[PDB]
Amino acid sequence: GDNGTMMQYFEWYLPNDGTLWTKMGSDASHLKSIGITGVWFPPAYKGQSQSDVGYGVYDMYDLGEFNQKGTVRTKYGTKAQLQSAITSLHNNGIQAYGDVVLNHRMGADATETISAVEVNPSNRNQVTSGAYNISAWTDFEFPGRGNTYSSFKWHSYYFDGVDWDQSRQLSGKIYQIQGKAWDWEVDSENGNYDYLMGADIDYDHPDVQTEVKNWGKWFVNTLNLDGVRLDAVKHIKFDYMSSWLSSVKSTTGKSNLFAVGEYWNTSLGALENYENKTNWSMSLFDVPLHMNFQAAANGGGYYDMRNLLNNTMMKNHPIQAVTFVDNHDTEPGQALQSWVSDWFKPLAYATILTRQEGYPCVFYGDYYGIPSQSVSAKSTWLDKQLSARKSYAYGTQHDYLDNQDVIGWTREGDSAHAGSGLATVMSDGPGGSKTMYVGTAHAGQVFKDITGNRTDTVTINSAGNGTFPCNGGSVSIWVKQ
């Protein structure tokens, strides 16, 4: 067993040129050489416009195959182009995880007149008006697809709520459809966080429950997926999501189907809750670790690096942790902007890539850069960290998370991977050394900094210890020369 490494193969500000699937296909053998074992690709189905990033879901049966919303292709390309890309990933032994967006729909084909009440955006449980008629965007007819793959049409009675009355056109409102209840169990911020945006799917209605589990089967079968990435799980009835996932595993026979959910909450408690209510059947993005990386990045050297891993899925539930530094939602100008500055980013990526805890995820925005926000590509130095992970980050780990500035850990090596073993050392502050145990096995061997940040070498004494230096505000990853 080789280490596993995910890559989010998109960012928010990609150009709308229908080329991402093409590119992903080409990149397959390159991704294999740098140690990517799995690729998370963005919502592949038709959004409300050609340029939609994917979260403005229109038709989940249109993988850029049908002419709807004025385009055949999605922002990313055609069903044909996606299938070639997935084949190419598979030919290079890389897993394909599809982004699955179940919370809502938008770009309804027409309005329906329906009775609804206003609820309080701070407390969706509290009603704030009498019933009355609104013009709600709840009619999904799918005219360019007709009945190919599914004749299921969405109407008002399949949604719990909307944020727009077309007849009166008012901001700041959340409408609950008459005789509907916000689903449960959901995140309890705003009393009930079932409603986020668009037309909120009612996961109480059992026609919806069995249609969405069919969609699941069709999606995973049609693209031959190894896994799913689940958008907005905090806003979706936990029991249904737990059964949605075991239904798809069962109906497809992919019973080892990988699943990671976006539960966006800075509190480990909330995440633990979601895991408990879903039988630990899926992993979660380590959002608390991301927040810690940001705090250290903005600490100007004064963050207490001993606390870097506190209150994280990485430390506390490593088998269900998907670790990340930044994503499409945290990048500059997006909704959860919490960017990790350039100087700290290598310390963060060294943390998720050289430690035994977590399934780490490399951001496309980091690897290839974000031109629209003047972010350099980090590919040159990331390649060296990914080399460390692929070929050296193996065997017993020893942790030295024991100073405000300088911290480190070692990996002894396993016999399965030749020459394997490393010592990672990093400082949020001035440069220094740590004496750490890499194993008596390595005695007399000479270590180099695979990052290139330092040109000196460390000789391992016969007790199996080295004294490993790093630069100020940098990281060095030491391996057998």
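A residue's number is simply how far along the shown sequence it sits, counting from 1.
For this session: Using only the Cα atoms and their B-factors as the entry lists them, report which of 438-446 and 40-48 averages higher.
Result: Of 40-48 and 438-446, the stretch with the higher C-alpha B-factor average is 438-446.
Exercise. If you average the CA temperature factors over each stretch, which comes out higher, 113-121 or 334-342?
Worked result: Mean CA B-factor is higher for 113-121.
For this session: Specify which of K173, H328, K384, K378 carries the largest Cα B factor in the deposited PDB entry.
Result: Of the options given, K173 has the highest CA B-factor in the PDB entry.
Problem set entry | Candidate residues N453, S427, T424, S415, the one whose C-alpha B factor the record puts highest | Of the candidates given, the C-alpha B-factor peaks at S415.
Exercise. Split the chain's modelled residues into thirds by Cα B-factor; is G253 in the lowest, middle or highest one?
Worked result: Within its chain, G253 is a highest-third residue by C-alpha B-factor, going by the deposited values.
Problem set entry | Record-listed C-alpha B factor of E272: chain third | CA B-factor rank for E272: middle third.
For this session: Place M282 in the lowest, middle or highest third of its chain's C-alpha B-factors, as listed in the PDB entry.
Result: Middle third of the chain for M282's C-alpha B-factor.
Problem set entry | Modelled-residue ranking by C-alpha temperature factor, third containing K390 | Lowest third - that is where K390 ends up once the chain's C-alpha B-factors are sorted.
For this session: Compare the C-alpha B factor of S476 with those of the other modelled residues in its chain, then answer lowest, middle or highest third.
Result: Lowest third.
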